[PDB]
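Asks: I have a structure here, written as structure tokens, and I will follow up with some questions on it.
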Amino acid sequence: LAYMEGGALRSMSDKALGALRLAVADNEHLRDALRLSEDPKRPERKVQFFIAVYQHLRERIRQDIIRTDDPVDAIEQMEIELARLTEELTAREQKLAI
Amino acid sequence: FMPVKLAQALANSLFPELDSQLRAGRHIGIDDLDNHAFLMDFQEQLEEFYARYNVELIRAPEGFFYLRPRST
Amino acid sequence: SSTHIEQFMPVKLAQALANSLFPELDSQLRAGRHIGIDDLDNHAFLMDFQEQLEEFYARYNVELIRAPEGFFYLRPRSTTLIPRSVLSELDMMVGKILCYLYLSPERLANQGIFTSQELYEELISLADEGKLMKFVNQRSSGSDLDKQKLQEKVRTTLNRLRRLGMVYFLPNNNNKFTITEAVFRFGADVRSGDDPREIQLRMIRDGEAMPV
Amino acid sequence: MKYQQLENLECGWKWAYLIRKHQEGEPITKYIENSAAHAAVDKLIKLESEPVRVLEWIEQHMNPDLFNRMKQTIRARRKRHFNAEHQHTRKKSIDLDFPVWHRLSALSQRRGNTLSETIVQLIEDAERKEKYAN
Amino acid sequence: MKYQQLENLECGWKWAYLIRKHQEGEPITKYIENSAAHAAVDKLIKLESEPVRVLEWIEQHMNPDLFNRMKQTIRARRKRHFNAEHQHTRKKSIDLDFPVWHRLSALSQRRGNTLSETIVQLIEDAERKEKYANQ
Amino acid sequence: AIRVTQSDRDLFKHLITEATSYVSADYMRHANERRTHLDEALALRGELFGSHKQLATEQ
DNA sequence: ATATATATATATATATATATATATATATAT
DNA sequence: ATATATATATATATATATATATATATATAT
DNA sequence: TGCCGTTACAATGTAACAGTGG
DNA sequence: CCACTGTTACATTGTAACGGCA
């Protein structure tokens, strides 16, 4: 983004906020943090909210094997489990048919 | 949801002791002023609450309350 | 506003108490029944409203407790509004044996289905035969009548444990059963790697285990 | 005490302030448990049209940490309510660009005067300079 | 237009404005019937997390009175939000006694300049006296 | 199991990407604005410092 | 060794909600 | 001036959920 | 000290004027 | 013309910090 200009970055942040509004409606405190992140006098709030998101995804880890607490890291393990479950599902469907 | 007055009856701080004594079969008469008044006030809802347990909350003609278990 | 549930009770607690499963589950819990993964409906119900039900039961001065193995139960406090009771020493012995069988790979062929005969054989294998019989009868010296008496006592304790949810009889057979993870509580004195005399003190302080 | 205090007025002020704070999400009551807080707020809501009982409600259930803020808010409300009767006692609110305000506040802090006094002095000096030239 | 218009921000501003007005008791709806007004307000409330639909809700149930106030308040909010970035573009709020403000406003209307400009001229004359004293 | 794991993975991916796109943009804008403001500031600093000595000795 | 208490399952009757088919009066095409 | 289609009311009977009573197994305690 | 007036702000809402481009 | 935008001058309410006074 270092090449971009102020307007482009502002518009991109606006779009991302629009997405986060839907992605956050379920949560209460994280939604409140997102709302507080709108102040222009205190930009640091943004980063705080970011941390909150991670601090949320950290607790959403399911089982001990998925405890690559870095959320960007657990995605690969989740996809691996999806592939394993796909093959298992094919086997189970075969079994049920017979 | 739940009936509002039933929730009020359940939340009352007297409910735990009275509930334990009822489920133990104890009979609550006029002597127990607080318990008797509570049952008087909230019978219409505690009868349903204890019917959910296949038990009947019965007020005798003399006045005392008790729980009568059904077959189920 | 008035005529509003939040005045008296949390919405989720009211929903839990209004659920069709609540009354039977509550009666079973107060009766002393442990809840394991096998009771899918009841276990899931407890999982969903664990905190609401815990705070509800706190009003009776009793803790709804989930052991790390994942089975819920009730531990009354010294000021319990719901009475409290302690298992017999024979019950502790049989529960420890059941936990052993749960963890024992030798019995893998059984696939979890066990008969009282196997339980008694394992009990005598791991325990002191005549000295264990001593509790069954003070004047036993290996008499086969006392042997049958000990077998009957073990059967009765097994039935009692079934009542506590530690064991399930098979849908049609009362002479065979399947063990449940609740039995792990019988090993709570050894799950921590410390001095036994200190872990025992910790447990008795926590209310887990009174002495005899 | 400069302004006489009227109970049926200040109590309505307090009720309105507490209702506003509750609608804003502020915790009005001292009860952490949500049930008691909701019950107390309902008592307050149905408590409208009552000074002698809103005072007791504040004494009994009011959040301890909001007492000072409410007291100073009522102080300001009383002063403004009594001063708004006459034109000369009213206050005119304006917005000043940050550099201008910075310079004006610098002067006011330097001379120990208030903004009103500083502006009065500045206008008077401007008039005196005009008379000197004229 | 000097200030960039951001849709996903102004929509939220408008929704918050509608909700504040309603909870203050004003009739944001154009409906005189109680039932339709209540339904429209409930739908607006549902629209909390979808600011985009707030424009359509405005065009569908907004009271015709409030368009001017709407276009005023959000315009002013945009100006203030973009000015808050830097101190030198911010505004400072002060209260003035009636006599002082009366004299100042009369002077400004005489010179045909804004209040900040008049204060600048006054403080600049005082600072000119100070400068010539210093030299 | 497949449904739940897929839902959780999609939620994770969406939240992560949206939060990063929301924050990093303003972060980089702030960095660029700060650099530009410093570059502008140096010129005023230099000119003020020159005028300072100029008028210090002119008197 | 056997009386007794307890839990479970089945048969049986009650009471209520609901869909079906018919009868009756009116509306509207023939 | 007529006969068919509609809407209304009614009885029929169909099914479910409940509550009761009886039989059974069987686990306890003297 | 605690109440009570007073000041200097902050945040938001509005009316009125001035600009700008379609 | 007409609409939309930027700006100024208020109002309205709340709050924190001083300083006077019993």
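Naming works like this for the structure tokens: A, B, ... for the chains as they're shown, residue 1 at the start of each chain, ligands 1 onward in shown order.
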Give one line per residue of chain D that approaches chain C to at most 7 Å, naming the two atoms of the closest pair and their distance in Å to one decimal, counting only C-alpha atoms; sort by chain then ascending residue number and deliver it as a Markdown table.

Replies:
```
| residue | atom | partner | partner_atom | distance |
| --- | --- | --- | --- | --- |
| D:35 | CA | C:7 | CA | 4.9 |
| D:36 | CA | C:7 | CA | 6.7 |
| D:38 | CA | C:7 | CA | 5.3 |
| D:39 | CA | C:7 | CA | 4.9 |
| D:42 | CA | C:1 | CA | 5.1 |
```

Asks: Determine, for each residue of region 62-111 of chain E having at least one atom at most 7 Å from an atom of region 3-22 of chain I, the closest pair of atoms and their separation in Å to one decimal, counting only C-alpha atoms (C1' of nucleotides); order by chain and ascending number, as a Markdown table.

Replies:
```
| residue | atom | partner | partner_atom | distance |
| --- | --- | --- | --- | --- |
| E:73 | CA | I:13 | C1' | 6.6 |
| E:93 | CA | I:9 | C1' | 6.5 |
| E:94 | CA | I:8 | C1' | 6.5 |
```

Asks: With N, CA and C atoms retained, export the selected residues as an mmCIF file, in the first residue's frame.

Replies:
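Writing the result to again.cif gives the following:
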```cif
data_model
loop_
_atom_site.group_PDB
_atom_site.id
_atom_site.type_symbol
_atom_site.label_atom_id
_atom_site.label_comp_id
_atom_site.auth_asym_id
_atom_site.auth_seq_id
_atom_site.Cartn_x
_atom_site.Cartn_y
_atom_site.Cartn_z
ATOM 1 N N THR E 73 -26.672 17.951 9.605
ATOM 2 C CA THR E 73 -25.928 17.302 10.675
ATOM 3 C C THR E 73 -24.820 16.417 10.125
ATOM 4 N N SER E 93 -14.158 25.544 21.768
ATOM 5 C CA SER E 93 -15.416 26.098 22.249
ATOM 6 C C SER E 93 -15.171 26.890 23.525
ATOM 7 N N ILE E 94 -15.659 28.130 23.553
ATOM 8 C CA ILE E 94 -15.540 28.993 24.719
ATOM 9 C C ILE E 94 -16.879 29.674 24.968
#
```

Asks: What lies within 12 Å of region 40-50 of chain B using only C-alpha atoms (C1' of nucleotides), ignoring chain neighbours under 2 positions off, as a PyMOL selection string?

Replies: (chain B and resi 2-12+14-15+18-19+22-23+28-30+32-38+52-59+63-70) or (chain C and resi 17-20+22-24+27)

Asks: List every residue of chain A that DSSP, applied to the backbone of this structure, assigns to helix (DSSP H, G or I), and report them as a ChimeraX atom specification.

Replies: /A:6-24,29-36,44-59,64-66,71-97

Asks: For each of H:1, H:17, H:25, H:7, take the minimum atom-to-atom distance to chain C, counting only C-alpha atoms (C1' of nucleotides), then give the residue where this is smallest.

Replies: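 Of all the options, H:25 lies closest to chain C.
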
Asks: What parts of chain B does DSSP call strand (DSSP E or B)? I'd like the answer as a VMD selection string.

Replies: chain B and resid 28 55 to 59 65 to 69

Asks: Could you work out which residues of chain H fall inside 12 Å of chain C? Count only C-alpha atoms (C1' of nucleotides), and format the result as a ChimeraX atom specification.

Replies: /H:25-28

Asks: Would you mind exporting N, CA, C and O atoms (P, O5', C5', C4', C3', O3' and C1' of nucleotides) of the selected residues as an mmCIF file, in the first residue's frame?

Replies:
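Contents of again-v1.cif, freshly written:
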```
data_model
loop_
_atom_site.group_PDB
_atom_site.id
_atom_site.type_symbol
_atom_site.label_atom_id
_atom_site.label_comp_id
_atom_site.auth_asym_id
_atom_site.auth_seq_id
_atom_site.Cartn_x
_atom_site.Cartn_y
_atom_site.Cartn_z
ATOM 1 P P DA H 25 -40.807 -62.305 35.693
ATOM 2 O "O5'" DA H 25 -39.544 -61.363 35.928
ATOM 3 C "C5'" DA H 25 -39.168 -60.434 34.924
ATOM 4 C "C4'" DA H 25 -38.110 -59.490 35.445
ATOM 5 C "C3'" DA H 25 -37.005 -60.169 36.246
ATOM 6 O "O3'" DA H 25 -35.736 -59.649 35.888
ATOM 7 C "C1'" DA H 25 -38.086 -58.534 37.591
ATOM 8 P P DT H 26 -34.399 -60.322 36.466
ATOM 9 O "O5'" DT H 26 -34.140 -59.527 37.825
ATOM 10 C "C5'" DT H 26 -34.222 -58.109 37.841
ATOM 11 C "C4'" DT H 26 -33.953 -57.571 39.231
ATOM 12 C "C3'" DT H 26 -33.149 -58.511 40.138
ATOM 13 O "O3'" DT H 26 -32.207 -57.783 40.901
ATOM 14 C "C1'" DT H 26 -35.100 -57.900 41.221
ATOM 15 P P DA H 27 -30.634 -58.052 40.741
ATOM 16 O "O5'" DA H 27 -29.979 -56.726 41.337
ATOM 17 C "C5'" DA H 27 -30.626 -55.473 41.148
ATOM 18 C "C4'" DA H 27 -31.221 -54.961 42.450
ATOM 19 C "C3'" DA H 27 -30.295 -55.070 43.666
ATOM 20 O "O3'" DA H 27 -29.968 -53.775 44.150
ATOM 21 C "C1'" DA H 27 -32.516 -55.798 44.179
ATOM 22 P P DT H 28 -29.057 -53.609 45.461
ATOM 23 O "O5'" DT H 28 -30.119 -53.586 46.653
ATOM 24 C "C5'" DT H 28 -29.679 -53.623 47.995
ATOM 25 C "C4'" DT H 28 -30.852 -53.533 48.949
ATOM 26 C "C3'" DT H 28 -30.507 -53.847 50.407
ATOM 27 O "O3'" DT H 28 -30.835 -52.745 51.249
ATOM 28 C "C1'" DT H 28 -32.410 -55.118 49.679
#
```

Asks: What does the structure give for the distance between CA of residue 72 (chain D) and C1' of residue 18 (chain J), in Å to one decimal?

Replies: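 So the two atoms, CA of residue 72 (chain D) and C1' of residue 18 (chain J), lie 13.6 Å apart.
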
Asks: Grab the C1' of residue 4 (chain J) to CA of residue 68 (chain E) distance for me, in Å with one decimal place.

Replies: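 Between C1' of residue 4 (chain J) and CA of residue 68 (chain E) the gap is 11.3 Å.
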
Asks: Any idea what the distance is between CA of residue 164 (chain C) and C1' of residue 5 (chain G)?

Replies: 19.4 Å

Asks: With a cut-off of 8 Å and counting only C-alpha atoms (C1' of nucleotides), select all residues of chain D in contact with chain I and give the selection as a ChimeraX atom specification.

Replies: /D:1-2,75,79,114

Asks: Find the spatial neighbours of residue 68 (chain A), counting only C-alpha atoms (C1' of nucleotides), within a cut-off of 12 Å - ignore same-chain residues fewer than 5 positions away - and output them as number ranges by chain.

Replies: A: 57-63, 73-78

Asks: Go ahead and dump the residues you just picked, N, CA, C and O atoms, as an mmCIF file, in the first residue's frame.

Replies:
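Result file is selection-v3.cif:
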```cif
data_model
loop_
_atom_site.group_PDB
_atom_site.id
_atom_site.type_symbol
_atom_site.label_atom_id
_atom_site.label_comp_id
_atom_site.auth_asym_id
_atom_site.auth_seq_id
_atom_site.Cartn_x
_atom_site.Cartn_y
_atom_site.Cartn_z
ATOM 1 N N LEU A 57 -10.006 -14.769 18.215
ATOM 2 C CA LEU A 57 -9.722 -15.981 17.456
ATOM 3 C C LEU A 57 -8.830 -16.938 18.228
ATOM 4 O O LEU A 57 -8.857 -18.145 17.963
ATOM 5 N N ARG A 58 -8.044 -16.431 19.177
ATOM 6 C CA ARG A 58 -7.227 -17.310 20.004
ATOM 7 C C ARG A 58 -8.098 -18.265 20.809
ATOM 8 O O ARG A 58 -7.784 -19.455 20.929
ATOM 9 N N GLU A 59 -9.199 -17.763 21.368
ATOM 10 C CA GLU A 59 -10.080 -18.592 22.179
ATOM 11 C C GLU A 59 -11.006 -19.469 21.347
ATOM 12 O O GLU A 59 -11.593 -20.410 21.892
ATOM 13 N N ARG A 60 -11.145 -19.196 20.053
ATOM 14 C CA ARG A 60 -12.000 -20.001 19.189
ATOM 15 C C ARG A 60 -11.311 -21.265 18.698
ATOM 16 O O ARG A 60 -11.930 -22.047 17.970
ATOM 17 N N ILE A 61 -10.051 -21.479 19.071
ATOM 18 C CA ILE A 61 -9.357 -22.708 18.710
ATOM 19 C C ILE A 61 -10.059 -23.878 19.383
ATOM 20 O O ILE A 61 -10.395 -23.819 20.572
ATOM 21 N N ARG A 62 -10.280 -24.952 18.625
ATOM 22 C CA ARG A 62 -11.172 -26.013 19.084
ATOM 23 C C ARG A 62 -10.478 -26.954 20.063
ATOM 24 O O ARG A 62 -10.862 -27.041 21.235
ATOM 25 N N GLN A 63 -9.451 -27.663 19.604
ATOM 26 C CA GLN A 63 -8.870 -28.776 20.344
ATOM 27 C C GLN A 63 -7.363 -28.566 20.467
ATOM 28 O O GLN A 63 -6.785 -27.670 19.843
ATOM 29 N N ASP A 73 -2.070 -19.325 11.429
ATOM 30 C CA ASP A 73 -1.420 -20.628 11.365
ATOM 31 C C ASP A 73 -2.406 -21.787 11.425
ATOM 32 O O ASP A 73 -2.163 -22.827 10.804
ATOM 33 N N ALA A 74 -3.509 -21.640 12.163
ATOM 34 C CA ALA A 74 -4.479 -22.720 12.296
ATOM 35 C C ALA A 74 -5.276 -22.964 11.021
ATOM 36 O O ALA A 74 -5.951 -23.995 10.923
ATOM 37 N N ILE A 75 -5.220 -22.049 10.052
ATOM 38 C CA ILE A 75 -5.983 -22.225 8.819
ATOM 39 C C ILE A 75 -5.519 -23.473 8.081
ATOM 40 O O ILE A 75 -6.334 -24.248 7.562
ATOM 41 N N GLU A 76 -4.204 -23.683 8.010
ATOM 42 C CA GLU A 76 -3.680 -24.850 7.312
ATOM 43 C C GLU A 76 -4.136 -26.140 7.981
ATOM 44 O O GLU A 76 -4.527 -27.097 7.300
ATOM 45 N N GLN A 77 -4.089 -26.187 9.313
ATOM 46 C CA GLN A 77 -4.541 -27.378 10.024
ATOM 47 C C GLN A 77 -6.026 -27.620 9.796
ATOM 48 O O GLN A 77 -6.457 -28.767 9.616
ATOM 49 N N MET A 78 -6.827 -26.554 9.796
ATOM 50 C CA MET A 78 -8.249 -26.720 9.519
ATOM 51 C C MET A 78 -8.469 -27.289 8.123
ATOM 52 O O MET A 78 -9.286 -28.195 7.940
#
```
